[PDB]
Amino acid sequence: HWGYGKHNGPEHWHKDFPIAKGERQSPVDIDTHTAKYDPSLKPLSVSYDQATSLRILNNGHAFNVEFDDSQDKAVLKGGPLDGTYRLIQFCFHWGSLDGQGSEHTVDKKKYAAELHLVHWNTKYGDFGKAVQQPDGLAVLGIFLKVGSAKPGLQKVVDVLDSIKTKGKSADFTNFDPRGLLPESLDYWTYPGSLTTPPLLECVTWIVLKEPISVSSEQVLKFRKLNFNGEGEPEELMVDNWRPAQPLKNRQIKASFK
Ligand SMILES: NS(=O)(=O)c1ccccc1
Ligand SMILES: NS(=O)(=O)c1ccccc1
Ligand SMILES: [Zn+2]
């Protein structure tokens, strides 16, 4: 099954998930000189004061922190979105080296990592119905660069010991995802897809211009995770990112001049 290695990596995905070669795939390179400012964009609204994290999971491809999404406790709205999108999980992608790791790129620049706060459109009732819709998900993408430590990430970094291998999960309650946001909400937006199989084209992407800084030590601990299960041969979870895909017939809009 799919992964990131030479034999089951992003160039193989299309054989089991033909939409890999589709019309609105993610990630993409964000050409900052081609992105247009869009005055029709309403202000973005991230309302996470009531977020309830539950658990953290190594799924063999990344780790995810999952949230209770049985009510309107953590929601994204505004910007390009119509309606209310509920936070369900965040996932991270990172590199083997500080010069690579992000899925999206900005004028071909790769960041050390990328965070996705994944939200589903409450008009579709559940996450699994939402992914079957062209406007079913809204994902907030945040770049990580290596520099100063991010205090608000350390609780994540510290629990990774307990979820080293594929299929391990741990309790992860009372984690405040607001601690992972940069100061500015200036963003670029375009229509795209999940960046892992099944690669469904159900995402409004909202990619923040301002990266967060994390320390070398923080990102180093990401790189100690394993893709393999417990008692299998150790394969470090690194370079779990898909490269940029053709833009095709899409425009990236900017929220800012
Ligand atoms: N990556 S994929 O098309 O799902 C795949 C499945 C099995 C073996 C190799 C690759
Ligand atoms: N990594 S992503 O596009 O945000 C994604 C979100 C949910 C399921 C699978 C992938
Ligand atoms: Zn992701």
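Can you give me the long-range amide H partners of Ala113? Hydrogens built in the peptide plane at 1.01 Å from N, cutoff under 5 Å, separation of 5 or more residues or another chain.
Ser102, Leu144
Go through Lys110/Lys155; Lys73/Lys164; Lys73/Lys123; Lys145/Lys221 and tell me which ones have a Cα-Cα distance over 19 Å in this structure. Can you show the working numbers first?
On the way: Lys110/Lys155 25 Å; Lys73/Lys164 29 Å; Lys73/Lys123 15 Å; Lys145/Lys221 15 Å.
From the list (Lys110/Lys155; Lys73/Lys164; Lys73/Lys123; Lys145/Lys221), the Cα-Cα distance tops 19 Å for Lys110/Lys155; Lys73/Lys164.
Grab every C-alpha pair in the chain, bin the distances at 5 angstrom width from 0 up to the longest one, and report whole percents.
1, 6, 13, 18, 21, 19, 13, 6, 1, 0, 0
Residues of segment 148-165 with the amide nitrogen closer than 18 Å to a label point 7 Å from the Cα of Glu235, along Cα-to-Cβ, please.
The answer is 164-165.
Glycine also receives a Cβ, built like all others from the backbone with ideal geometry; neighbour counts cover every protein chain displayed. Any read-out appearing in this document is the output of simple, stated calculations on the displayed coordinates, not a laboratory observation.
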